[PDB]
Amino acid sequence: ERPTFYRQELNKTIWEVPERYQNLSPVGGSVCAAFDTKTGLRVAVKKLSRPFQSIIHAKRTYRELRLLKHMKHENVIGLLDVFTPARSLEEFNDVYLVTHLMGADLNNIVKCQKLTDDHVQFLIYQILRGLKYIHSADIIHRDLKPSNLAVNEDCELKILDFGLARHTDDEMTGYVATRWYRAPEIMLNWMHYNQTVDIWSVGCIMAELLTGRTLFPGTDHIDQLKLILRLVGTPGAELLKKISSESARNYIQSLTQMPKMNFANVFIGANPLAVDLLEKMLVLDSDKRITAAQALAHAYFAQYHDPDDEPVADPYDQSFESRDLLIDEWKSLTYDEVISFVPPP
Ligand SMILES: C[C@@H](CS(C)(=O)=O)Nc1ncc2cc(Oc3ccc(F)cc3F)c(=O)n(C)c2n1
């Protein structure tokens with residue numbers, strides 16, 4: 001039945017959680033670390049801030065829950081629990097999400113230094129494993145960066161940050177990590193983008209782990225494209241046709257043409273197989289980028305690749321994305337998803 005909830009003021013909000021969650025402590029809606037006495041796990045508990053304040057917000061809330069409930073993979077963030085203190089739909093106003101407490105993100109691990117090749121193999125392998133599973137469900141991360149990759153002591157990695165509001169124009173401006181890992185087509189809105197935007201991001205991450213340095217640290221959007229094009233070459237006629245934005249295409253043709261650089265001269269001392277893979281991921285034309293499934297099969301991951309141990313996901317119905325509903329309707333849909341939740345084994 002319904003557990004007993006207890007109340008507590010933490011990060012400026014009154015948190016109301018089942019008794020099973022103890023020793024709540026703020027770590028940054030807002031988030032608390034806790035001990036789940038029922039599982040023995042240290043957990044992170046997110047209370048969503050005004051989850052139903054607008055259609056936009058109620059729909060984002062539904063998206064996040066839908067996304068988190070679908071994820072059942074070792075290398076992807078999973079939902080341990082979701083709850084509301086509410087007894088009915090009419091009383092329903094607050095949503096709490098529970099996941100594993102993560103130790104350190106990839107920024108904490110890389111920290112301005114090169115990693116050993118085997119460490120890079122292992123980390124990128126797991127990212128690609130998780131991405132294969134995510135992409136098989138037609139889900140795109142869109143925001144892959146080191147701060148969204150959490151790792152434990154054994155270097156066991158999970159992809160985080162699903163259904164978030166996604167960064168506004170102001171936090172994509174300037175010399176910012178929020179933009180350095182974004183594919184060019186999505187950074188400058190060239191065209192309708194596909195799953196391989198995430199592969200660009202993996203390339204940027206993998207290069208950073210190899211060299212200890214941000215690959216494309218642009219001071220702004222234009223600076224960044226210039227760094228990108230200096231490495232990968234200016235686009236050919238084939239790709240230009242695909243840039244459906246006429247203004248964007250017009251700006252590209254203004255730039256002095258440049259050939260693709262020799263990656264072995266850029267990533268000096270690196271595994272030739274790492275270099276080869278980097279070249280296949282950092283392809284300007286998204287149509288020609290390596291997929292997660294293809295990259296897992298690349299010779300660079302010979303020691304980890306197991307086709308029988310790289311599962312796909314169940315189908316994810318996202319028809320709701322193109323649906324127009326009122327706040328109360330997204331709220332009722334969200335409520336059904338809270339009450340129907342079945343905890344992992
Ligand atoms: C000390 C840090 C290391 S870090 C930043 O993960 O690298 N630990 C940690 N662990 C897990 C989360 C989960 C978060 O968000 C959630 C997402 C889905 C949920 F179901 C529940 C959540 F709380 C979150 O916002 N933070 C800040 C977290 N922090």
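The figures here come from the full heavy-atom set of this structure, side chains too, leaving out hydrogens, waters and symmetry mates. Sequence positions, counted from 1, serve as the residue numbers for this chain. Counting starts at 1 for both ligands and their atoms, in listed order.
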Expected rows: ligand 1 N/O, protein N/O, dist below 3.5 Å:
| residue | atom | partner | partner atom | Å |
| --- | --- | --- | --- | --- |
| ligand 1 | 8 (N) | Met102 | O | 2.8 |
| ligand 1 | 10 (N) | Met102 | N | 3.0 |

Ring centre gap for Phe320 and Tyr62 strictly below 6.0 Å: yes
Residues forming a side chain to side chain donor-acceptor pair (under 3.5 Å) with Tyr175, sequence neighbours excluded: none
Transitive ILVMFWY side-chain link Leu48 to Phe83, under 4.5 Å: no
Side chain to side chain donor-acceptor pair (under 3.5 Å) involving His135 - partner list, sequence neighbours excluded: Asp198
Side chain to side chain donor-acceptor pair (under 3.5 Å) involving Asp309 - partner list, sequence neighbours excluded: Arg129
Distance flag, aromatic centroids of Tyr125 and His305, threshold under 6.0 Å: no
